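As structure tokens, the structure follows; a few thoughts come after it.
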Amino acid sequence: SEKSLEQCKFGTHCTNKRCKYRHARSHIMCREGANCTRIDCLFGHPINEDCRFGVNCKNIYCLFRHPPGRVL
Amino acid sequence: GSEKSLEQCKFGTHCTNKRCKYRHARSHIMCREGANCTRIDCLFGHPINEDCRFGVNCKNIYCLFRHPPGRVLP
Amino acid sequence: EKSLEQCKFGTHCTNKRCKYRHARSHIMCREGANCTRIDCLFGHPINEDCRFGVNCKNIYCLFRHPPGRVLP
Amino acid sequence: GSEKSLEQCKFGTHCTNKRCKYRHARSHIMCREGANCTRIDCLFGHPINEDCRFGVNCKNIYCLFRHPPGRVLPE
RNA sequence: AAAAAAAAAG
RNA sequence: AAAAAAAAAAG
RNA sequence: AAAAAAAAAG
RNA sequence: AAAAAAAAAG
Ligand SMILES: [Zn+2]
Ligand SMILES: [Zn+2]
Ligand SMILES: [Zn+2]
Ligand SMILES: [Zn+2]
Ligand SMILES: [Zn+2]
Ligand SMILES: [Zn+2]
Ligand SMILES: [Zn+2]
Ligand SMILES: [Zn+2]
Ligand SMILES: [Zn+2]
Ligand SMILES: [Zn+2]
Ligand SMILES: [Zn+2]
Ligand SMILES: [Zn+2]
Ligand SMILES: [Zn+2]
Ligand SMILES: [Zn+2]
């Protein structure tokens with residue numbers, strides 16, 4: 001078994017039974033962000049990939065990277 | 001003929017029933033026509049006919065399940 | 001919490017809280033339907049009639065078939 | 001031509017990529033034309049261009065992955 | 001080769 | 001209570 | 001980074 | 001309301 005701190009982009013809808021990444025079960029973003037070192041942490045951490053839906057992405061819980069100028 | 005229903009699919013974009021009869025939301029925006037929307041292929045959110053497991057204290061602002069009165073969101 | 005009842009989706013089950021038994025081998029369990037090992041990975045019968053009936057040709061199918069279906 | 005490919009999807013009926021460009025088998029029967037089949041919506045099984053994880057010892061008679069020579073199956 | 005690249009209000 | 005996070009640590 | 005390379009009989 | 005009751009060879 002392998003375990004990484006990198007965030008799984010599929011979250012609770014991941015269906016890879018050998019997935020080595022972290023999975024969020026809360027819409028709350030972890031208070032430590034990308035600095036969190038808890039392997040089984042259930043809060044959200046940033047995904048290192050640009051959001052397909054850009055500055056106009058309407059999902060306030062989205063963990064992908066957005067341009068500046070997007071207001072929550 | 002068609003067996004499709006206006007009732008909302010509780011799994012949304014994560015439904016993997018290849019024969020699902022229900023409506024699927026692909027937007028986080030709630031449909032402006034509400035539960036009265038009659039467009040079978042409408043992609044906006046509509047209420048699900050099932051009680052939310054998380055009850056009056058559910059804090060997911062996109063949740064489409066049914067909640068008791070007095071639920072408060074930020 | 002866990003049940004001896006066979007999961008009808010096997011390795012393709014995506015219920016993260018599933019309480020049923022999952023076959024990871026196409027070999028049928030030598031103890032049959034009355035096997036009581038909770039983590040047994042061999043096949044046991046599903047409690048549902050096969051949609052494909054007496055003419056089902058999938059030799060690994062665990063659903064229920066009428067007696068006229070004979071496997072080579 | 002179109003974006004669709006004749007290459008076989010390795011996930012079959014359990015594929016959940018809504019943008020998948022590959023061919024999907026809905027039968028355990030292997031296509032009589034094999035890897036030479038050019039029908040883009042063919043539902044029968046064709047060889048996958050990837051080595052089987054279970055190698056010469058694979059006993060799944062419906063497996064579409066590549067195997068070493070010397071694999072045997074029940075007769 | 002698994003995000004809603006389906007846009008109608010994204 | 002057979003596919004939602006009734007898994008809680010801040011929900 | 002989505003096959004059962006998880007084995008007890010594969 | 002998650003099996004290929006979608007068929008061309010099932
Ligand atoms: Zn994952
Ligand atoms: Zn954390
Ligand atoms: Zn986004
Ligand atoms: Zn559905
Ligand atoms: Zn609508
Ligand atoms: Zn709710
Ligand atoms: Zn299951
Ligand atoms: Zn057993
Ligand atoms: Zn069958
Ligand atoms: Zn072209
Ligand atoms: Zn595919
Ligand atoms: Zn073919
Ligand atoms: Zn194989
Ligand atoms: Zn990565």
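Lettering of chains follows the sequences in order, A, B, ..., and the numbering in each one begins at 1.
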Please report the distance separating the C1' of H:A2 from the corresponding atom of E:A2, rounded so that it comes out in whole Å.
16 Å
Need one value for C:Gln6: base, sugar-phosphate or nothing, where a base atom within 4.0 Å counts as base even if backbone is also close, heavy atoms only.
base
Gap in Å between the two P atoms, one belonging to H:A1 and one to F:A4, rounded
15 Å
Taking any atom closer than 4.0 angstrom to a non-hydrogen atom of chain A, what span of RNA chain E does the protein reach, first nucleotide to last?
E:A2 to E:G10
Cluster link A:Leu72 to B:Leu73, ILVMFWY, side chain under 4.5 Å
yes
Glycosidic class, syn or anti, of H:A5 using a 90° window around 0
syn
Does the ring of F:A3 sit north or south, if a positive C1'-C2'-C3'-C4' angle means north and a negative one means south?
north
D:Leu73-D:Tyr62 co-clustered via ILVMFWY side chain contacts under 4.5 Å
yes
For the student: nearest non-hydrogen atoms of A:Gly33 and A:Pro46, plus distance:
C-CD, 4.1 Å
Judged by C1'-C2'-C3'-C4' (positive north, negative south), is the sugar of F:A5 north or south?
north
More than 12 heavy atoms of other groups within 6.0 Å of A:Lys17 NZ:
yes
Minimum heavy-atom separation for B:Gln8 to B:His46, with atom names?
OE1-ND1, 2.9 Å
Could you check whether C:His26 gets within reach of a base, just the sugar-phosphate, or nothing at all, counting any heavy atom under 4.0 Å?
nothing
Describe the nucleic acid contact of A:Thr15 in one word from base, sugar-phosphate, nothing, applying a heavy-atom distance below 4.0 Å.
base
So which atom in C:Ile59 and which in C:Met28 form the shortest heavy-atom distance, rounded to 0.1 Å?
O-CE, 4.2 Å
Residues from residues 41-74 of chain D sitting under 4.0 Å of RNA chain G, heavy atoms only?
D:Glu50, D:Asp51, D:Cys52, D:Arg53, D:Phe54, D:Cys58, D:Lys59, D:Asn60, D:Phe65
Assuming nearest nucleotide by heavy-atom distance, tell me which of C:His12 and C:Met28 is located more 5' along RNA chain G.
C:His12
Distance between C1' atoms of G:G10 and G:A3 (Å, rounded)
14 Å
Map D:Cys20 and B:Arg39 onto RNA chain E by nearest heavy atom, then report which one ends up closer to the 5' terminus.
D:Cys20
Joint cluster assignment, C:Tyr20 & C:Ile38, ILVMFWY side-chain distance < 4.5 Å:
no
Return yes when atom CG of C:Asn34 has more than 12 non-hydrogen atoms of other residues, nucleotides or ligands closer than 6.0 Å, and no otherwise.
no
By side-chain contact (heavy atoms from CB on, under 4.5 Å), which residues pair with B:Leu43, not counting sequence neighbours?
B:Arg26, B:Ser27
What pucker does F:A2 have, north or south, from the sign of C1'-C2'-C3'-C4'?
south
Checking all strands, does B:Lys18 fall into the base, sugar-phosphate, or nothing category for heavy-atom contacts under 4.0 angstrom?
base
Between A:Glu6 and C:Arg30, which has a closest nucleotide on RNA chain G that is more 5'?
A:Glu6
